[PDB]
Amino acid sequence: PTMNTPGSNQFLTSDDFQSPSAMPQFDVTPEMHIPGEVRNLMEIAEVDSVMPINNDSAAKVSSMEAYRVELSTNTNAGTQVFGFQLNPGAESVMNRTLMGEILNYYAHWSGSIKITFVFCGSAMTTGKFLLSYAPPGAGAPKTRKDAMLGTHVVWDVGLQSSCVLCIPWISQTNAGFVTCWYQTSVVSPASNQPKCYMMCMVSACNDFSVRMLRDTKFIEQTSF
Amino acid sequence: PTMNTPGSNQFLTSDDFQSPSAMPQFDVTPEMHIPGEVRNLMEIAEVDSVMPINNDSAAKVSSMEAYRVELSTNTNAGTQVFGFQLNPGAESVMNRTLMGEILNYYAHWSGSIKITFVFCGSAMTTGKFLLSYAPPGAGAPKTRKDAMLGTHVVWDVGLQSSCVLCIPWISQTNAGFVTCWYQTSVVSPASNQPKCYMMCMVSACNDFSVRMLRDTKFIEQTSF
Amino acid sequence: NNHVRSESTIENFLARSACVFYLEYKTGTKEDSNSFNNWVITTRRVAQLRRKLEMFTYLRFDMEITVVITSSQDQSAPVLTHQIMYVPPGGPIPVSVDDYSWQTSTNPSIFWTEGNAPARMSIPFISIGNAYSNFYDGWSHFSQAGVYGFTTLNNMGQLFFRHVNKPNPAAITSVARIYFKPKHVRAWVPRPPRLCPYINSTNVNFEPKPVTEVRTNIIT
Amino acid sequence: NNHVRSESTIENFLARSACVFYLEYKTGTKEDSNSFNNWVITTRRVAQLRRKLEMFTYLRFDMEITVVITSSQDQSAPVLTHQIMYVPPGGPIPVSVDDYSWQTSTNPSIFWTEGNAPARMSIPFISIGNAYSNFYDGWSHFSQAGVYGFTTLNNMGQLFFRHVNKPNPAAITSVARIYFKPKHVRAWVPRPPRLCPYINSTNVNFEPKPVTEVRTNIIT
């Protein structure tokens, strides 16, 4: 038994020991209570954030067109509007969102997430959409008929102004798909521009876990 | 009393102390139960394995003739078929077997082992063999008469299809012998090729012990 | 898993050692231009570090500073001793190798010799405020006409370094590299992550940038 | 004996220190070809070690890495400081002596000076799997057309080494030799011992061999 065993002299980063204090006199400022306190990083991963869906080439430079997707009376039923890989941390549609940005500080994570659709059109507009989900390891539906036979939620706009799908079994290609499809064309009151929009928001749901810290890829070095 | 006593500064291989951890944050993957677990190396030393008996020069290159020994109607009673030194770890007939290979990682071992004979001929073939064992420090029998007066088990093929001899007192020339002898010639049903075979298997029996690790002799250096 | 996580605690999201600076100085007289060197303690120097401390609006912590120091001679002596002096903010500072600001009794200092485990000491929470402020939205003066942001807020001391031996033939040059980690963090009020590359080291000034990468089309 | 054995426990059949690599690097500028060097952590390099970890199909353990390092000058300075940096898998890596990948805050690093007991630290079990796999029978891609065996399974970090001092006249060359041992082993599912000499360090490829030595005749 000795205190000079191999590896007792060395400085190892990320190894915790006590250290002497520069001032062992002054150290005194009483703490006060301050509203809002964060003690875990899953307290800001379960907060909603508006995800950009629309990506063109300048509908995301000026990005107030980035968060909303056009709808029209012109379009016929059974044509999809948007869709995405569903894989946060590697798909740029939700990896620069508030929730998604936390998962670029870790490698390997799991849990479930929940997406939210909000229709922001007029209060006299009514339509029906068929939301759809494909399990991982199966391609996106190619027809509204295909989509329907999968898992689907018929969301009536004109009753509900939002819908929440809670999608289990995400973790990191293979991965599910979310697709929205017209079931009917939108019914205008008398509007002469048939522009109606919907937004989408995303947040982590309930239990979630991360392991093993690593540095983010979105900032590159010093420059000053 | 001091902490700088002789031999307190040094790195001694195979000496155990604590060490700081590179990551004292991440370390977390929950263990799950996995079927089958090994916690001692005598749990794979008591498993049967087919030992090669027949060694010629190409009956062990292509080695599906290595594990079986011919019998015939031609041969007369009182001629031996096979036999071996009985000394695992230095006799190549059972030192490359599953059991035998474990004892090349240690020097000095003891216990008992048990051999097993299995006749694999036809179901109408009947004969009688005289198995024999010679104590250590006594030569192999030279006649079936000699063998008989030693320790012997008359094994009737046509009742029993296997026999197990449990041989005590092995440890490491001097060492016993196992020899098999015809007592009668085999009785064929009408088979026109009188080829009948028997195999042999070996495993450690009950208590066994090894001491003092050392490196195996059957692999030589790197090469890549 | 099988229980609540603990790798995403505030204390383990921060409190990792990181290089933040390094500097050089060399043996020589007080005449010589470089013969002592200093570094002002700030956490805005390194972009990677800065990102994770702008996650929150208010923080309070103690910090540990470890300096690991190497030296080499140059082309044609006893073991060298190095002094590292912490000056708490509002103290006196030296302007040259020889001053009474290295002899002052109210500035902590570490004498350290080569061939030993690297020097370190912690500095406890220092500020009259009850937290450091990572964002401020006022002016220095009592009428708006001061300096905008990061005024007397986020002011901490600074280190100084010199050799303690007399000059002797053949210059010795030392390089000291500084490692820094906070400990006992507490965070209040979160912020959305920074999106635009840092420009100045004293302003939040930024150049506009796209929100996200282009896609080939929104439909699958 | 007089009781059950304990020299054939799984924990004492493994967990012995062994040399696994050594490498060289030398003081010099970033221009110089060899001036930092790396080693990828794997246990398939050394034949003797490899044999005893292919006894089992699944293993999980923590590991301790101790590096013992010597140096010598060559024909015609202060004590040298060496940095050993562990990079967890999926981190950034340096491509030259000077990068921000030695200044990164999320890669553990040990500064160590000569004339001290050799540096070591343990690395805890790292993998998203619940055990390392010593045999695998799949492909990297989701359709069979990937890389056969040892894909993203059995992937662990890698070390890097450099001097921390500035270059100075007269080259110094260091040789660092790496010792490795696992600890807290648990084994699941046994295998029959390897019989044919290893060829590749990433495949189970083998050349056919005789089962056993010849005998002069089977009868005694």
# chains A, B, ... in the order shown; residues from 1 in each chain; ligands from 1

call {"tool": "residues_around", "arguments": {"residues": "residue 208 (chain C)", "least_positions_apart": "2", "cutoff": "9 Å", "atoms": "only C-alpha atoms", "output": "ChimeraX atom specification"}}
result
/A:61 /C:196,206,210

call {"tool": "write_last_selection", "arguments": {"atoms": "N, CA, C and O atoms", "output": "short mmCIF file (atom, residue, chain, number, x, y, z; two decimals), in the first residue's frame"}}
result
data_model
loop_
_atom_site.label_atom_id
_atom_site.label_comp_id
_atom_site.auth_asym_id
_atom_site.auth_seq_id
_atom_site.Cartn_x
_atom_site.Cartn_y
_atom_site.Cartn_z
N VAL A 61 -33.65 32.30 -46.38
CA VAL A 61 -32.67 33.33 -46.18
C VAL A 61 -33.47 34.38 -45.49
O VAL A 61 -33.19 34.73 -44.35
N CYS C 196 -25.36 32.74 -35.19
CA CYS C 196 -24.52 33.47 -36.11
C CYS C 196 -23.14 33.49 -35.55
O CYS C 196 -23.01 33.61 -34.33
N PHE C 206 -23.39 40.78 -35.02
CA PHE C 206 -23.54 39.59 -35.79
C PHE C 206 -23.83 40.05 -37.18
O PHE C 206 -24.18 41.20 -37.41
N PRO C 210 -28.79 32.69 -43.08
CA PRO C 210 -29.88 31.75 -43.27
C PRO C 210 -30.22 30.94 -42.06
O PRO C 210 -29.30 30.56 -41.34
#

call {"tool": "interface_residues", "arguments": {"of": "chain A", "to": "chain B", "cutoff": "12 Å", "atoms": "only C-alpha atoms", "output": "list in words"}}
result
residues 1, 2, 3, 4, 5, 6, 7, 8, 9, 10, 11, 12, 13, 14, 15, 16, 17, 106, 107, 108, 109, 209, 210, 211, 212, 213 and 214 of chain A

call {"tool": "select_by_dssp", "arguments": {"residues": "region 17-60 of chain A", "states": "strand (DSSP E or B)", "output": "list in words"}}
result
residues 21, 38, 40, 49 and 50 of chain A

call {"tool": "write_last_selection", "arguments": {"atoms": "C-alpha atoms", "output": "PDB file, in the first residue's frame"}}
result
ATOM      1  CA  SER A  21      -8.230  28.674  -2.673  1.00  0.00           C
ATOM      2  CA  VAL A  38     -32.693  25.210 -14.891  1.00  0.00           C
ATOM      3  CA  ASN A  40     -31.439  19.706 -16.218  1.00  0.00           C
ATOM      4  CA  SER A  49     -40.478  25.507 -31.095  1.00  0.00           C
ATOM      5  CA  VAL A  50     -41.572  26.342 -34.612  1.00  0.00           C
TER       6      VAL A  50
END

call {"tool": "interface_residues", "arguments": {"of": "chain C", "to": "chain B", "cutoff": "7 Å", "atoms": "only C-alpha atoms", "output": "PyMOL selection string"}}
result
chain C and resi 1+7+12

call {"tool": "atom_distance", "arguments": {"atom1": "CA of residue 153 (chain D)", "atom2": "CA of residue 136 (chain D)"}}
result
8.0 Å

call {"tool": "residues_around", "arguments": {"residues": "residue 160 (chain B)", "least_positions_apart": "2", "cutoff": "12 Å", "atoms": "only C-alpha atoms", "output": "ChimeraX atom specification"}}
result
/B:117-120,123,126-129,154-158,162-164

call {"tool": "closest_residue", "arguments": {"among": "C:44, C:177, C:5, C:163", "to": "chain D", "atoms": "only C-alpha atoms"}}
result
C:177

call {"tool": "closest_atom_pairs", "arguments": {"of": "chain C", "to": "chain D", "cutoff": "8 Å", "atoms": "only C-alpha atoms", "output": "Markdown table"}}
result
| residue | atom | partner | partner_atom | distance |
| --- | --- | --- | --- | --- |
| C:16 | CA | D:105 | CA | 6.6 |
| C:17 | CA | D:105 | CA | 6.0 |
| C:18 | CA | D:105 | CA | 4.2 |
| C:19 | CA | D:103 | CA | 5.3 |
| C:20 | CA | D:103 | CA | 7.7 |
| C:48 | CA | D:104 | CA | 7.7 |
| C:49 | CA | D:105 | CA | 7.6 |
| C:68 | CA | D:111 | CA | 7.3 |
| C:69 | CA | D:81 | CA | 7.9 |
| C:70 | CA | D:165 | CA | 5.4 |
| C:71 | CA | D:78 | CA | 5.3 |
| C:72 | CA | D:78 | CA | 5.0 |
| C:73 | CA | D:77 | CA | 5.1 |
| C:74 | CA | D:168 | CA | 5.6 |
| C:75 | CA | D:169 | CA | 5.9 |
| C:114 | CA | D:79 | CA | 7.5 |
| C:115 | CA | D:113 | CA | 6.6 |
| C:116 | CA | D:113 | CA | 7.9 |
| C:117 | CA | D:113 | CA | 7.9 |
| C:175 | CA | D:165 | CA | 6.9 |

call {"tool": "select_by_dssp", "arguments": {"residues": "chain D", "states": "alpha helix (DSSP H)", "output": "ChimeraX atom specification"}}
result
/D:10-13,47-51

call {"tool": "residues_around", "arguments": {"residues": "region 132-141 of chain A", "least_positions_apart": "4", "cutoff": "9 Å", "atoms": "only C-alpha atoms", "output": "number ranges by chain"}}
result
A: 83, 85, 145-148, 150-154, 167, 169-170, 173-181; C: 220; D: 142

call {"tool": "write_last_selection", "arguments": {"atoms": "N, CA, C and O atoms", "output": "short mmCIF file (atom, residue, chain, number, x, y, z; two decimals), in the first residue's frame"}}
result
data_model
loop_
_atom_site.label_atom_id
_atom_site.label_comp_id
_atom_site.auth_asym_id
_atom_site.auth_seq_id
_atom_site.Cartn_x
_atom_site.Cartn_y
_atom_site.Cartn_z
N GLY A 83 -43.47 16.64 -46.15
CA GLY A 83 -43.14 15.34 -45.64
C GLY A 83 -41.69 15.41 -45.32
O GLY A 83 -40.98 16.26 -45.84
N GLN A 85 -38.10 13.10 -43.33
CA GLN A 85 -37.44 11.88 -42.93
C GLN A 85 -37.74 11.49 -41.52
O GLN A 85 -37.86 10.31 -41.24
N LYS A 145 -54.14 6.49 -51.21
CA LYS A 145 -54.65 5.17 -50.93
C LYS A 145 -53.69 4.39 -50.09
O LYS A 145 -54.09 3.73 -49.13
N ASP A 146 -52.38 4.46 -50.42
CA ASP A 146 -51.33 3.79 -49.70
C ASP A 146 -51.22 4.31 -48.30
O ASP A 146 -51.10 3.54 -47.35
N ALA A 147 -51.28 5.65 -48.16
CA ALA A 147 -51.15 6.36 -46.92
C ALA A 147 -52.23 6.01 -45.95
O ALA A 147 -51.98 5.83 -44.77
N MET A 148 -53.47 5.90 -46.48
CA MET A 148 -54.67 5.60 -45.75
C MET A 148 -54.60 4.26 -45.09
O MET A 148 -55.05 4.10 -43.96
N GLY A 150 -51.97 2.69 -44.12
CA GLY A 150 -51.01 2.79 -43.03
C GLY A 150 -51.67 3.32 -41.79
O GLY A 150 -52.88 3.23 -41.62
N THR A 151 -50.87 3.92 -40.89
CA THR A 151 -51.40 4.58 -39.72
C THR A 151 -51.72 5.97 -40.17
O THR A 151 -50.92 6.58 -40.87
N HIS A 152 -52.92 6.47 -39.83
CA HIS A 152 -53.35 7.73 -40.34
C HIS A 152 -54.33 8.26 -39.36
O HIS A 152 -54.99 7.51 -38.65
N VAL A 153 -54.43 9.60 -39.30
CA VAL A 153 -55.36 10.29 -38.47
C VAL A 153 -55.99 11.24 -39.42
O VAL A 153 -55.30 12.05 -40.03
N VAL A 154 -57.33 11.18 -39.57
CA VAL A 154 -58.06 12.10 -40.40
C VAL A 154 -58.32 13.28 -39.52
O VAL A 154 -58.95 13.15 -38.47
N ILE A 167 -45.06 10.29 -31.64
CA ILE A 167 -44.47 9.28 -32.47
C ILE A 167 -43.46 8.57 -31.62
O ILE A 167 -42.52 9.23 -31.19
N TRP A 169 -40.38 5.73 -30.76
CA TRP A 169 -39.39 4.87 -31.36
C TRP A 169 -38.52 5.66 -32.30
O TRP A 169 -38.39 5.32 -33.47
N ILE A 170 -37.88 6.74 -31.79
CA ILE A 170 -36.89 7.49 -32.53
C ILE A 170 -35.66 7.37 -31.71
O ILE A 170 -35.74 7.22 -30.49
N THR A 173 -30.97 6.21 -45.15
CA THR A 173 -31.19 5.85 -43.72
C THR A 173 -32.52 5.16 -43.57
O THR A 173 -33.34 5.12 -44.49
N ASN A 174 -32.76 4.59 -42.37
CA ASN A 174 -34.01 3.98 -42.01
C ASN A 174 -34.50 4.80 -40.87
O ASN A 174 -33.71 5.25 -40.04
N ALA A 175 -35.83 5.01 -40.84
CA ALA A 175 -36.52 5.91 -39.96
C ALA A 175 -37.81 6.13 -40.68
O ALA A 175 -37.90 5.89 -41.88
N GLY A 176 -38.87 6.53 -39.94
CA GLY A 176 -40.22 6.67 -40.43
C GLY A 176 -40.39 7.77 -41.43
O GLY A 176 -39.44 8.26 -42.03
N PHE A 177 -41.65 8.18 -41.65
CA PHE A 177 -41.95 9.30 -42.49
C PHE A 177 -43.20 9.86 -41.93
O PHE A 177 -44.02 9.14 -41.37
N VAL A 178 -43.37 11.18 -42.09
CA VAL A 178 -44.58 11.88 -41.77
C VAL A 178 -44.92 12.48 -43.08
O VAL A 178 -44.03 13.00 -43.75
N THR A 179 -46.20 12.41 -43.49
CA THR A 179 -46.64 12.98 -44.73
C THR A 179 -48.03 13.45 -44.47
O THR A 179 -48.76 12.84 -43.69
N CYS A 180 -48.42 14.55 -45.13
CA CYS A 180 -49.73 15.13 -45.04
C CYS A 180 -50.24 15.09 -46.44
O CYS A 180 -49.47 15.21 -47.38
N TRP A 181 -51.55 14.86 -46.61
CA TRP A 181 -52.15 14.67 -47.90
C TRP A 181 -53.46 15.36 -47.85
O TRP A 181 -54.13 15.34 -46.82
N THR C 220 -41.96 14.49 -50.28
CA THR C 220 -41.17 13.29 -50.25
C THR C 220 -41.51 12.51 -51.52
O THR C 220 -42.67 12.04 -51.65
N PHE D 142 -28.54 -1.53 -44.55
CA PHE D 142 -29.81 -2.10 -44.17
C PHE D 142 -30.24 -3.14 -45.16
O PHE D 142 -31.09 -3.97 -44.87
#

call {"tool": "atom_distance", "arguments": {"atom1": "CA of residue 189 (chain C)", "atom2": "CA of residue 35 (chain A)"}}
result
7.7 Å

call {"tool": "atom_distance", "arguments": {"atom1": "CA of residue 92 (chain B)", "atom2": "CA of residue 44 (chain B)"}}
result
19.9 Å

call {"tool": "residues_around", "arguments": {"residues": "region 129-132 of chain C", "least_positions_apart": "6", "cutoff": "6 Å", "atoms": "only C-alpha atoms", "output": "ChimeraX atom specification"}}
result
/C:58-60,154

call {"tool": "decode", "arguments": {"residues": "region 27-46 of chain B", "atoms": "C-alpha atoms", "output": "JSON list (two decimals), in the first residue's frame"}}
result
[["chain", "number", "residue", "atom", "x", "y", "z"],
["B", 27, "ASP", "CA", -20.35, 5.86, -18.17],
["B", 28, "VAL", "CA", -23.98, 4.89, -18.39],
["B", 29, "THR", "CA", -25.38, 2.04, -20.39],
["B", 30, "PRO", "CA", -27.65, -0.23, -18.29],
["B", 31, "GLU", "CA", -26.70, -3.91, -18.29],
["B", 32, "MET", "CA", -29.31, -6.38, -19.54],
["B", 33, "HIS", "CA", -29.51, -10.09, -18.85],
["B", 34, "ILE", "CA", -28.01, -12.19, -21.66],
["B", 35, "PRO", "CA", -28.53, -16.02, -21.76],
["B", 36, "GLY", "CA", -25.46, -18.06, -20.82],
["B", 37, "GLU", "CA", -22.72, -16.64, -18.67],
["B", 38, "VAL", "CA", -19.27, -17.93, -17.88],
["B", 39, "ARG", "CA", -17.70, -17.03, -14.56],
["B", 40, "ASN", "CA", -15.10, -19.75, -14.28],
["B", 41, "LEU", "CA", -13.06, -21.62, -16.86],
["B", 42, "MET", "CA", -13.97, -25.02, -15.44],
["B", 43, "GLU", "CA", -17.43, -24.51, -16.84],
["B", 44, "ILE", "CA", -16.02, -25.11, -20.31],
["B", 45, "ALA", "CA", -13.51, -27.74, -19.23],
["B", 46, "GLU", "CA", -16.22, -30.21, -18.28]]
